[PDB]
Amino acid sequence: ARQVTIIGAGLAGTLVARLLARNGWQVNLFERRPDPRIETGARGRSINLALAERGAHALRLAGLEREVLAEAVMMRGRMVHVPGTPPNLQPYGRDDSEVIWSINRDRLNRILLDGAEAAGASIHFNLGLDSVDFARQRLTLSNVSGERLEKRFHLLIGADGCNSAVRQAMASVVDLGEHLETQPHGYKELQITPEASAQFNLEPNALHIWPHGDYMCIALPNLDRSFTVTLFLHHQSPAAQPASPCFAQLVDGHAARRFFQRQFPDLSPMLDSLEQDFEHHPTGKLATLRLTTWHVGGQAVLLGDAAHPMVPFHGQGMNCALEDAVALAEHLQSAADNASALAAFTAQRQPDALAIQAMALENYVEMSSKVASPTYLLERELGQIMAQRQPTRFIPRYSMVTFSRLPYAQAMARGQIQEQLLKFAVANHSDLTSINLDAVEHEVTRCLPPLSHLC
């Protein structure tokens, strides 16, 4: 049987472990953290994530989608909150098939671990990779105390996240050609209890947003009607707007409460544990990292966040990472040798990772605006008529990304054509009735070939 060692029993690494093990491979998976299925007296984990069609499809191929969705809350649309003003759903799509799902991250990881073991993978926890000797084909791991132990490997998969040690180790033998692009927002996890959720009548089946321009909060629902909230806020005030809010001014929980009472006056009273959460949850950093090189011959490959860290504003990191896992397993299963598989996987996935990294960055401005332009509104209206006239040609970029499996680069390219056609058609008009609709439709059929078999 073909042998593989995967570093990182997170979301992509556990999926790819199940796909390879079930297809005959002898799989060993090493994870730095303890096994989250071993119950302890520690506090419960509250991070959740949006699962969309790309990740759900990956799970479906793995036979795990039904299990994960039984523990997921449907989000039918965005619920945008701006003070005093009543929220109204902006639905994601036309019916409940076009929804995204809110799932507890720890639960998803526990379901994936059970899936990898059921397929025959061996998982070893409390061992973090420290280094790799590619010439000798040996790995060095240690527990939290740092005491080193070595393991031989044959094929190494780095599914070890944004600060991947496999990627770091690859720098010793290849030029990674890395481009690290910092992003100025940090983030902080907060919580709305089930009682406050109900008191303030927050719709459970929606993604909630409190836009505020250069900062914003989002909230995703849990099965118990609590919401996990994330504040995105600059670490530091930029040189030009030097008094503007940032994490550096929020020196403690009390300061954070004042900031929320001033800037998010409607959300603040929903957040009972703000002061505590602010002080005990560390502030997270965001970044986009692009790498020229994702593999070393047939010996080692990166996927998921180890290959392509991205900013979180599209909710697609996990979805892309599970899509990567499926592609990697497909290439490894059927290729002439591991070197061929890994080069082909990389060539396939790199243009798509670049496109979703860019679209993620672009998604911030959308989400964080308190008010949409009249121009933007009219473009959206016209787009809705086009989608109705030509649903296999005009499919909004958001939907191509979230509700289909169209390669991300293609979704980006078609989104660009759509953006230009709407922009030119709406210019110098203030309403639909002044727009030549057939002429727009003619540009749609001229410029956008039909796609079948999308949903």
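Residue indices: 1-based, along the sequence shown.
As listed in the deposited structure, the average C-alpha B-factor of 263 to 271 and of 333 to 341 is greater for 263 to 271. Taking the PDB entry as given, 412 to 420 carries the higher mean Cα B factor of the two stretches 412 to 420 and 57 to 65. Going by the entry's values, 253 shows the largest Cα B-factor out of 128, 253, 309, 158. The residue among 280, 208, 151, 225 whose C-alpha carries the highest B-factor in the deposited model is 280. Looking at the C-alpha B-factors along this chain, the one for residue 3 belongs to the middle third. Ranked by C-alpha B-factor against the other modelled residues of its chain, residue 50 falls in the lowest third. Residue-level temperature factors show residue 40 in the lowest third of its chain, judged at the C-alpha atom.
For residue 323, the recorded CA temperature factor ranks within the lowest third of the chain's modelled residues. Annotation for residue 107: C-alpha temperature factor in the middle third relative to the rest of the modelled chain, per the entry.
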